[PDB]
Amino acid sequence: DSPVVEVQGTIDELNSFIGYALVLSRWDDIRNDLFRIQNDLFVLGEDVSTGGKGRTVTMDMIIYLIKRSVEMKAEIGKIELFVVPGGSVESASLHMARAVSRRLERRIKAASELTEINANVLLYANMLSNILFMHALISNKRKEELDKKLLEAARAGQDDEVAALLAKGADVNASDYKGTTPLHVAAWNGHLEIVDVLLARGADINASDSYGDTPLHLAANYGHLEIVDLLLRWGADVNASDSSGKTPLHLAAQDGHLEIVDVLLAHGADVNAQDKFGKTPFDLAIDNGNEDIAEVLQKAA
Amino acid sequence: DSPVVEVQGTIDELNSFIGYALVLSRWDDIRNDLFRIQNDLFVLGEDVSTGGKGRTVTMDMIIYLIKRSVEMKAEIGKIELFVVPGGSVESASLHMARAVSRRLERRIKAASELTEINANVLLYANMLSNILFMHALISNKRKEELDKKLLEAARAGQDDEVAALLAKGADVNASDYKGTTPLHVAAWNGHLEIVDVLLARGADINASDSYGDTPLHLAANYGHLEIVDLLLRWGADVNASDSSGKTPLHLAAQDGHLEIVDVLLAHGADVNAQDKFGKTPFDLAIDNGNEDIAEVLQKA
Amino acid sequence: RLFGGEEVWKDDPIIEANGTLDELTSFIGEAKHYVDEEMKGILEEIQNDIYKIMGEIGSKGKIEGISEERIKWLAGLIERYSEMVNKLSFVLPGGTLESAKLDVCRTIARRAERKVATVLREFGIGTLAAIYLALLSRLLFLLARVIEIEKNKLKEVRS
Amino acid sequence: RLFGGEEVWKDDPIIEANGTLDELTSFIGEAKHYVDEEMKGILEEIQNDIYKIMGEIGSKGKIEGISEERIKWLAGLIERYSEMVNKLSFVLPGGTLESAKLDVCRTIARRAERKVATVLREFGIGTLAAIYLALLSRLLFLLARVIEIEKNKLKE
Ligand SMILES: [Ca+2]
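Calculation rules
Residues numbered from 1 in each chain as written, not as in the entry; some residues may be left out. Chains lettered and ligands numbered in written order. Part of a larger assembly, values for the part shown. Heavy atoms only, no water. Helix = DSSP H or I, 4+ residues; strand = E, 2+ residues; numbered from the N terminus. Rg over C-alpha atoms; globule rule 2.2 N^0.38 Å. Buried < 20%, exposed > 50% of the residue type's maximum accessible area, 1.4 Å probe, protein only. 1 Å grid on protein atoms, 1.4 Å probe; cavity = no way out; pocket = protein on both sides within 12 Å on 5 of 7 lines; lining within 4 Å. Points joined across faces, edges and corners; volume = space filled by probe spheres on them. Nonpolar A, V, L, I, M, F, W, Y, C, P; charged D, E, K, R; others polar. Patch = residues over 30% accessible without salt bridge, like charges linked within 9 Å, V, L, I, M, F, W, Y side chains within 5 Å. Areas by Shrake-Rupley, 256 points an atom, 1.4 Å probe, with all protein chains shown as cover. Salt bridge = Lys/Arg side-chain N within 4 Å of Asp/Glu carboxyl O. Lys, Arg positive; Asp, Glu negative; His and termini not counted. Charge placed at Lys NZ, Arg CZ, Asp CG, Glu CD. Contact = heavy atoms within 4.5 Å. Core = buried A, V, L, I, M, F, W, Y, C linked by side-chain atoms within 4.5 Å. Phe/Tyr/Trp six-rings, centres within 6.5 Å; stacked < 30°, edge-to-face > 60°. Buried area = accessible area lost by both parts, 1.4 Å probe. Axes fitted to C-alpha atoms, helices over the stretch in contact; angles between N-to-C directions. Parallel < 35°, antiparallel > 145°, perpendicular 65-115°, else oblique. Left-handed = near helix turned anticlockwise from the far one by under 90°. Arc of directions from axis to C-beta. Donors = N, O, S within 2.8 Å, 3.2 Å for Na, K, Ca; no water.

- Within the PDB entry, the label attached to chain D reads Tetrahedral Nanocage Cage, Non-Fusion Component, and the organism entered is synthetic construct.

- Per the PDB entry, chain A is named Tetrahedral Nanocage Cage Component Fused to Anti-BARD1 Darpin, and its organism is synthetic construct.

Next up, the structure:
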């Protein structure tokens, strides 16, 4: 009875993975499917063990796996091939559950060559591999759903939406294609309340976008002093360089912000750092007509 | 000598799972056992490699796996069979570690047919599969232990107990047998402080119990405006339907809350929605004798 | 239960014999609508007998199949209709439309006889079923010739 | 080119499944001329799906076959028509001529299901096709019983 045991040990193994992705996936419909699958993995094992005497894999079991597999391919839409696994934790656990499910097919395809196995066993096995894959896809579509609202709510100053989004798992470090993160948008607009709640959840305090800007750059550029302090208290790079090479001191010296120049210099800004234009913070202060900033940089030596 | 290699690769594989469930299981005694198992999985590998020349799996090793396996089966009591795996993460990681442990038995049972392997290897292997199962059971018993305490503390208004519970892993979305969650109990009683920390952990803002009530329903039913405000701020369903089908505006109009009817209407309450008795918010305001609510809904 | 029904996914002599018999009884149900009342009742009884044979074969002999009385009934019909068929040396299949249906049924009955014979060789169950199928192919052949003769004789009256 | 056409001279599981499916679609084409307008359209969609299955099987899985939407479509028809058939313990095949045609189609569909199952065992291609064929035999059975019911109801 050697081949049927390895299947039982893989059915039992897959059930451990399915139960794991169940406790991770934060959506109700995915967990409903996964729990039915778990209770069906009992029947599927009982089918292989008894050879058809006890409980058997019914066609209504396979049919339900397809009913949901069609309902999910509608929300997904076009399914790109050659996609890398491990999108998000709820999705990634489902990807691993899928890979084990496909191994159970390989264990079933072997054992069927050594003992008659009801065809519905491999049919449900093949449908389980498919429906687990739709589970992971939907999980990532909804993770990108929340993250596109967190970047939106961080822009519109939605102190309450950002709360509901970060409480529902919206990735606080969600990076746009521009490289802009919700922490970037909060410092840009100037909603100090969101800057803290983002950093509390574990925001990347010095994320770089395409331009190379950090949240401290945007906070110094747009005259939001309150954000410059809390960013620097959290270890923001005070002399970070964007593509142009300008530091927060350069940008704070350009736009005529003395109280921000004073704070950035206090945590260790470089008066001698030069952008790619050779101009120092002492230069960009003189270039823009801001005098009281240049002397703070001049007397800083 | 090819089969003894596959056992080593599975011992090493199980050790990865054991160390993973160790860093997950938040109790000291479970981690205590798991750490010995890891250090013993080394000896178990060295036993299969040397065939008994170097370190060997001792009976005292198997003996300790049983001493702890009895101490845990006492706290559990009756262990129902055919129970679905993956209860909670600390348990689920242990369930997967068990499934790998049982695969190591199959790799050992195979290799033993091809090279002499000390019986204590499979005895410790078989006992390891069992003791990992008790770990998962205990993890869920203690996870369900906190969840009946979080549901309990949310009832008594224990602002301090909820702090220790949510910090120690008590599931904020823990559903009682009634379908009632701690957010339901906090809005029901009216302990506003707990409502905040619960939603902060990620409470299901519109979970439905057996009756179909949502946290916004219970908050509107028992006249806690402060709780109705914060629920709606998080996107609570302002026209949610229970088994009766009454929306929060229905319930707020039934029991005489003008300031809640007005605020629910600002976020999009339905003046004309009907329950299963056909009575609308303009009806149920008249039915219970509240007139200033009926006029605001009539002018809507 | 509705979505599932009955599903068969294997090739073994029992499954092949029952499928051919299912094909045979389905074609007889089609062909019984082209014959007269007398032949229609005969063909329906044959369908019932095929169900008994399938019950025996599908049960691997545990369930009782046809009886020897059914085989005698087929033999009496063959004897009765052989007198009417003044022996014809050769006749092209499908002399009439109704005769063509019966010839198709006869070929399926012959194939079913071969499949059931394979089952009998493999398991030793189904001797009476094989005898019934042999007599059934002979009887189906006789009925086609009788239909041709009777239809031709009415054609000679109209001229 | 005319004299030659298409010639098949080998016996393998792939060839047998496609040939039986050709028989099934030919018999469905015969039977669709005996049913009403609703059932005729249902049988024509089934014929296209049988062609898709043959395309998948004849290409050894390189060419995409039926989709899960087609299987859901069969299931909905089976669910819709199972309600009408108040369960009858047994009825002799070929109650009417149209019902007899559908019974012939059902037997060929069951045999084709067996052949396609052989292909799935041998090559691992045609899981969705096998599910469709199982549901198709049930639907053909249900349609035959419904035809019987309608002629009996007009007799009442
Ligand atoms: Ca044929």
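## Considerations on the overall build of chain D
Working step 1: Looking only at helices and strands, chain D features 5 helices and 0 strands.
Working step 2: Of the regular secondary structure in chain D, the N- to C-terminal order runs α-α-α-α-α.
Working step 3: Taking 15 Å as the expected radius of gyration for a compact globule of 156 residues, we find that chain D reaches 17 Å, a close match to that expectation.
Working step 4: Projecting the C-alpha coordinates of chain D onto the three principal axes gives extents of approximately 55 × 35 × 25 Å.
Working step 5: Taken over 156 residues, chain D has a buried fraction of 53%.

## Here's the deal with empty space enclosed by the protein
Working step 1: On inspection of all chains with the given rule, the structure shows 1 cavity of 30 Å³ or more.
Working step 2: Volume-wise, the largest cavity comes out at about 40 Å³.
Working step 3: Taken together, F27(C), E30(C), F27(D), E30(D), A31(D), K101(D), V104(D) and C105(D) form the lining of the largest cavity.
Working step 4: Put simply, the parts of the chain that give the lining of the largest cavity at least two residues each are α1 (13–31) of chain C together with α1 (13–31) and α4 (97–123) of chain D.
Working step 5: When its residues are assigned to classes, the lining of the largest cavity shows 5 nonpolar, no polar and 3 charged.

## Focus: a negative patch on the surface
Residues and elements named next belong to chain A.
Working step 1: A cluster of acidic residues, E152, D159, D160, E161, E193 and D196, forms a negative patch at the surface.
Working step 2: Secondary-structure elements contributing two or more residues to the negative patch are α6 (159–167) and α8 (192–201).
Working step 3: The element that contributes the greatest number of residues to the negative patch is α6, accounting for 3 residues.
Working step 4: Take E152: it is sitting in helix α5 (residues 119–156).
Working step 5: Relative accessible area serves as the criterion here: at 46%, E152 is assigned to the partly exposed category.

## Comments concerning the arrangement of the chains
Working step 1: The highest contact count of any of the 4 pairs of chains in contact belongs to chains C and D.
Working step 2: The smallest C-alpha distance separating chain B from chain C is 25 Å, and no contact links them.

## Notes on the nonpolar core
A general tendency of soluble globular proteins is for nonpolar side chains to be buried together.
Working step 1: Grouped together as the largest cluster of nonpolar side chains are 101 residues, with contacts concentrated most on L21(D), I46(D), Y132(D) and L136(D).
Working step 2: Setting aside anything within four residues of it in sequence, one finds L21(D) in contact with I50(D), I53(D), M54(D), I57(D), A112(D), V116(D) and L133(D).
Working step 3: Residues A17(C), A31(C), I53(C) and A129(C) belong to the second largest nonpolar core, which totals 44 residues.

## Brief notes about the packing of aromatic side chains
Working step 1: Following the criterion strictly, the structure yields 4 aromatic pairs over all chains and no others.
Working step 2: With 5.5 Å between their ring centres and 65° between their planes, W188(B) and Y222(B) make a pair best called edge-to-face. Taken together, the residues span a long stretch of sequence, with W188(B) in helix α7 (residues 182–189) and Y222(B) in the loop between α9 (215–221) and α10 (225–233) at a distance of 34 residues.
Working step 3: The class for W188(B) is partly exposed, based on a relative accessible area of 37%.
Working step 4: On the accessibility criterion, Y222(B) (44% relative accessible area) is partly exposed.
Working step 5: Note on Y51(C) and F90(D): the rings are 5.1 Å apart at their centroids and 40° apart in plane angle, and the pair reads as tilted. Here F90(D) lies in the loop between α3 (68–84) and α4 and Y51(C) lies in helix α2 (residues 37–58), a pairing that spans two chains.
Working step 6: In this structure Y51(C) comes out as exposed when scored by relative accessible area, which is 52%.

## Overview of the interface of chain D and chain A
Working step 1: On the chain A side, the residues contacting the 14 residues of chain D number 13 residues.
Working step 2: Three residues, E68(D), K72(D) and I131(D), lead the burial of chain D against chain A; their summed loss comes to 46% of the area buried on that side.
Working step 3: Run the count over chain D and chain A and you get 2 salt bridges.
Working step 4: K73(A) serves as the salt-bridge partner of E68(D), at 4.0 Å between the closest nitrogen and oxygen.

## Brief notes about the interface of chain C and chain D
Working step 1: Of the residues lining the interface, 28 residues belong to chain C; the matching set on chain D comes to 33 residues.
Working step 2: With both chains or domains summed, chain C and chain D bury close to 2,400 Å², and 57% of this area falls on carbon and sulfur atoms.
Working step 3: Looking at the side of chain C facing chain D, the largest losses of area belong to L2(C), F3(C) and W9(C), adding up to 27% of the total buried there.
Working step 4: Linking chain C with chain D are 4 salt bridges, by the criterion used here.
Working step 5: With its nearest N and O atoms 2.8 Å apart, the salt bridge here joins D11(C) to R114(D).

## Observations concerning unusual backbone geometry
All names here are of chain B.
Working step 1: Positioned with a positive phi, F82 is a non-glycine residue whose angle comes to about 55°.
Working step 2: Tracing the chain through its elements places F82 in the loop between α3 (59–76) and α4 (89–112).
Working step 3: Here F82 falls in the exposed class, since its relative accessible area comes to 74%.

## Some remarks on the packing of helix α2 (residues 37–58) of chain D against helix α5 (residues 127–155) of chain D
Residue and element names in this part refer to chain D.
Working step 1: Where α2 meets α5, the closest approach of the two axes is 12 Å, and the angle between their N-to-C directions is 160°. Considering the angle they form, α2 stands roughly antiparallel to α5. Seen from above, α2 lies across α5 with left-handed handedness. Two secondary-structure elements touch here, α2 through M39, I42, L43, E45, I46, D49, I50, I53 and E56 and α5 through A129, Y132, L133, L136, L139, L140, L143, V146 and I147.
Working step 2: For the contact of α2 with α5, the class distribution of residues is 15 nonpolar, no polar and 3 charged.

## Things to note about helix α12 (residues 258–266) of chain B
Residues and elements named next belong to chain B.
Working step 1: Those residues of α12 lying buried are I260, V261 and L264. Looking straight down α12, one finds that the buried residues subtend no more than 100° of arc, so they occupy a single side.
Working step 2: Turning to α12, the residues buried within the fold contact α9, α10, α11 (248–254) and α14 (291–298).
Working step 3: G268 sits one or two positions beyond α12 and adopts a positive phi of about 110°.

## Considerations on the coordination of the calcium ion
Working step 1: The protein atoms that coordinate the calcium ion are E23(C) (OE) and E23(D) (OE), at distances spanning 2.8 to 3.0 Å. Of the two residues, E23(C) is situated in helix α1 and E23(D) in helix α1; the pairing between them involves two chains.
Working step 2: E23(C) gets classed as buried once you look at its relative accessible area, which sits at 4%.

## Focus on the pattern of salt bridges
Working step 1: Inspection of the entire model under this criterion finds 57 salt bridges over all chains.
Working step 2: Notably, a salt bridge pairs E98(C) with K151(C), separated by 3.6 Å at the nearest N-O pair. Taken together, the positions of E98(C) in helix α4 (residues 97–123) and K151(C) in helix α5 (residues 127–158) put the pair 53 residues apart, joining distant regions of the chain.
Working step 3: The class of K151(C) is partly exposed, set by a relative accessible area of 40%.
Working step 4: With a closest N to O distance of 3.1 Å, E30(D) and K101(D) form a salt bridge. Note that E30(D) is positioned in helix α1 and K101(D) in helix α4, a separation of 71 residues in sequence.
Working step 5: One salt-bridge network, in which partners are shared between bridges, spans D29(A), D33(A), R68(A), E71(A), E75(A) and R142(A).

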